[PDB]
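K.L.:
So the sequence lines, in the order shown, correspond to chains E and B.
83 is the number of the first residue of the first sequence in the deposited numbering; add one for each residue after it.
Here the second sequence stands for residues 1 to 42, 45 to 246, 249 to 279, 282 to 360, 369 to 440, numbered as in the deposited numbering.
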Amino acid sequence: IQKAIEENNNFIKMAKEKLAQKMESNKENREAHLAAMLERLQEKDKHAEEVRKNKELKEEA
Amino acid sequence: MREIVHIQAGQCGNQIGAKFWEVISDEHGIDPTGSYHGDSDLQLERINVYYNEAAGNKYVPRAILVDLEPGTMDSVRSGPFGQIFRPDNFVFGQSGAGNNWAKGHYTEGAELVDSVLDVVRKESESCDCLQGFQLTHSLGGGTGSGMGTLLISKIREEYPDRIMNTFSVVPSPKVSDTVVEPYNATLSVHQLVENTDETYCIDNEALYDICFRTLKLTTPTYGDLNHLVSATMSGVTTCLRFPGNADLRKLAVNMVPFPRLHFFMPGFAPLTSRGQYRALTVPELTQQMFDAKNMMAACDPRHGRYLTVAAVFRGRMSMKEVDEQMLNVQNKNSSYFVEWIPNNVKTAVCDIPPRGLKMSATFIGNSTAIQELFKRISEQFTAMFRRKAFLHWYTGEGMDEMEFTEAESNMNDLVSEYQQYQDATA
Ligand SMILES: COc1cc(OC)c(-c2coc3c4c(ccc3c2=O)OC(C)(C)C=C4)cc1OC
Ligand SMILES: Nc1nc2c(ncn2[C@@H]2O[C@H](COP(=O)(O)OP(=O)(O)O)[C@@H](O)[C@H]2O)c(=O)[nH]1
Ligand SMILES: [Ca+2]
Ligand SMILES: [Ca+2]
Ligand SMILES: [Mg+2]
């Protein structure tokens with residue numbers, strides 16, 4: 083009976099832990115994919131600033 | 001006063017147990033309220051072997067009713083003689099055992115066993131001279147098999163110098179509830195080898211063949227099988243319940261020459277269906295009782311040898327004719343009795359017959383042919399165990415393959431020990 087208790091408990095434990103590891107790595111992965119997308123969009127915003135600036139300077143002609 | 005304490009465990013245990021109490025209650029004149037209304041005092047001289055006396059001229063079975071499920075015990079309390087039983091002697095869980103020996107023996111039954119032993123103690127304490135215990139149970143389920151054999155181990159620990167005998171129903175695929183019965187039966191049999199003095203082996207395969215082939219019942223029910231069981235149980239206990249000077253130990257001494265070989269073949273004559283105008287003749291009782299067709303263990307007595315035999319004849323008849331016919335049947339079967347146990351065939355006559371028959375006879379055979387029953391179980395066990403089939407139901411309750419391997423080996427040693435004495439000569 084002690085072995086039965088121990089195996090049910092170990093099963094509960096490893097299931098709790100496996101899901102926790104998976105929920106965490108999914109949260110990190112999804113966040114990194116969103117962060118990468120936003121960083122790329124942000125790099126667009128600088129390039130747009132650099133184009134408007136480049137026009138400030140062709141107007142200084 | 002040599003009292004017996006009766007325990008019935010599980011579905012099969014309680015169903016056949018209740019029929020037993022119905023049948024002998026009628027024989028002793030006790031009615032469904034425990035009031036005596038008989039016509040002879042032969045009925046009351048040994049009433050106390052199985053019944054307690056309560057004030058008000060009531061007689062209460064010395065019976066303890068056990069199950070892990072309440073269902074089959076609600077039906078007992080419902081049934082014809084349900085009110086007779088002492089209400090505190092109903093000991094029940096709720097979980098059920100799922101036809102799982104491991105649940106009855108190790109997890110669900112362990113939870114309930116101490117409660118059962120409290121009632122056993124409280125019945126034994128009130129016994130002038132406790133003669134021993136009898137258990138009714140099947141070996142194929144989980145409660146009667148697993149928790150029944152746990153009870154027997156506990157009872158031995160607390161009453162090690164007391165006789166422990168059993169009526170044990172063996173599984174058969176012909177009358178089958180689950181595929182795991184050979185597992186449950188094989189585990190139980192090893193327990194019984196160690197911790198019972200006498201086990202009456204009630205083979206559901208024989209009860210089926212009997213009903214189907216001789217009684218011509220095309221669809222036998224549990225009710226038809228138990229009609230035969232109850233007739234036999236009334237039979238073997240006849241000489242404990244009526245005057246004639250052997251307690252359980254004395255019967256064990258003269259029936260069991262080697263301690264592990266205590267598994268008996270029951271038999272009965274006449275075989276009847278529920279619902282007998284022609285009384286049988288002493289010659290007919292005798293030969294039917296020795297014929298394979300009346301054997302309630304599906305073993306062929308001609309495939310082994312009788313170590314000991316007992317026969318109980320019931321009804322008003324000639325003891326001279328009984329002696330003659332018994333000594334007759336031994337000579338056409340003379341090869342099938344070991345010659346190194348002199349006079350190993352013994353007989354009793356009781357002049358009170360069972369209800370509904372004026373002549374009847376009950377057979378108790380300690381034959382080495384019983385090994386056919388254990389070989390059959392062992393072959394069904396191995397067929398699944400070689401693929402570890404269905405074991406997860408058992409490992410899930412804490413059991414290990416090794417305990418199955420030991421049960422298998424212990425079972426095959428028992429078969430080899432029988433084969434040793436079947437070839438032994440003088
Ligand atoms: C646990 O179940 C039991 C099973 C039994 O037998 C199958 C007997 C059992 C009865 O009657 C006997 C008789 C006998 C020899 C042995 C027995 C015997 O052993 O020889 C003569 C003298 C002819 C009388 C009957 C008891 C049990 O205890 C309650
Ligand atoms: N003769 C007989 N056998 C039974 C009966 N009930 C169940 N069995 C057999 O016993 C085995 C299971 O035992 P059962 O009593 O059903 O479960 P338990 O309550 O755990 O003992 C099965 O293989 C059945 O064939 C009964 O009423 N009479
Ligand atoms: Ca519980
Ligand atoms: Ca206790
Ligand atoms: Mg059942």
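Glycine residues also receive a C-beta, built at the ideal position from the N, C-alpha and C atoms.
#1: Go through its chain and collect everything with a Cβ distance to B/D306's Cβ below 8 Å, but skip five positions before and after it.
#2: Taking just the CA atoms, how far does B/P222 sit from B/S174?
#3: May I ask whether a heavy atom of ligand 1 can be found less than 8 Å away from the beta carbon of B/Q136?
#4: Indicate whether the contact test is met: 3 or more Cβ pairs, each with one atom in the region 125-137 of chain E and one in the region 45-64 of chain B, closer than 8 Å.
#5: In chain order, what are the residue ranges of uninterrupted alpha helix (DSSP H) at least 4 long that sit wholly in the region 310-355 of chain B?
#6: Would you identify the three-state DSSP class for B/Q133, choosing helix, strand or coil?
#7: Report the residue from B/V328, B/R311, B/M332 and B/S392 whose alpha carbon sits nearest the alpha carbon of B/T439.
#8: Three or more C-beta pairs under 8 Å: does that hold for the region 23-40 of chain B against the region 90-103 of chain B?
#9: Distance, Cα to Cα, B/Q434 vs B/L428?
#10: For the candidate residues B/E127, B/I30, B/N101 and B/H107, whose alpha-carbon lies nearest to that of B/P82?
#11: Give the single residue among B/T188, B/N186 and B/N258 whose Cα lies nearest to the Cα of B/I347.
#12: Taking the C-alpha atoms as reference points, what is the distance between B/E422 and B/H6?
#13: Can you round the beta-carbon distance between B/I204 and B/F169 to whole angstroms, since I take them to be within the 8 Å contact cut?
#14: Cβ atoms of B/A256 and B/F395: under 9 Å apart, would you say?
#15: For the putative contact between B/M373 and B/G321, defined by C-beta atoms under 8 Å, what is the C-beta separation to the nearest angstrom?
#16: Within its chain, find whatever has a CB closer than 6 Å to the CB of B/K176; leave out the 5 residues flanking it on each side and keep chain order.
#17: On a CA-only basis, which of B/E22, B/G150 and B/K105 is nearest E/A86? Give me that one, please.
#18: Leaving out the 5 sequence neighbours to the left and right, which residues in its chain are closer than 7 Å to B/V328 when beta-carbon positions are compared?
#19: For chain E, find out if any of its Cβ atoms is closer than 9 Å to the Cβ of B/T216; answer yes or no.
#20: Compute the distance between the beta-carbons of B/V68 and B/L189, then report whether it is under 9 Å.
#21: What are the boundary residues of the beta strand (DSSP E) that includes B/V177?
#22: With a threshold of 9 Å between beta-carbons, can B/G410 be considered close to chain E, or not?
#23: Would you check whether ligand 5 has a heavy atom nearer than 8 Å to the C-beta of B/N14?
#24: Put B/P307 into one of helix, strand or coil per three-state DSSP.
#25: Just to confirm, are B/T240 and B/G370 a CB contact at a threshold of 9 Å?
#26: Name the DSSP bridge partner or partners of B/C203?
#27: Return the residue from the list B/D226, B/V181, B/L219 and B/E415 that minimises the CA-CA distance to B/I391.
P.N.:
Put simply:
#1: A298, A383 and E386
#2: 13 Å
#3: yes
#4: no
#5: 325-338
#6: strand
#7: B/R311
#8: no
#9: 10 Å
#10: B/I30
#11: B/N258
#12: 30 Å
#13: 6 Å
#14: no
#15: 4 Å
#16: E207 and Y210
#17: B/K105
#18: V288, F319, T353 and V355
#19: no
#20: no
#21: No beta strand (DSSP E) contains B/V177, which DSSP labels as neither H nor E.
#22: yes
#23: no
#24: helix
#25: no
#26: B/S170
#27: B/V181
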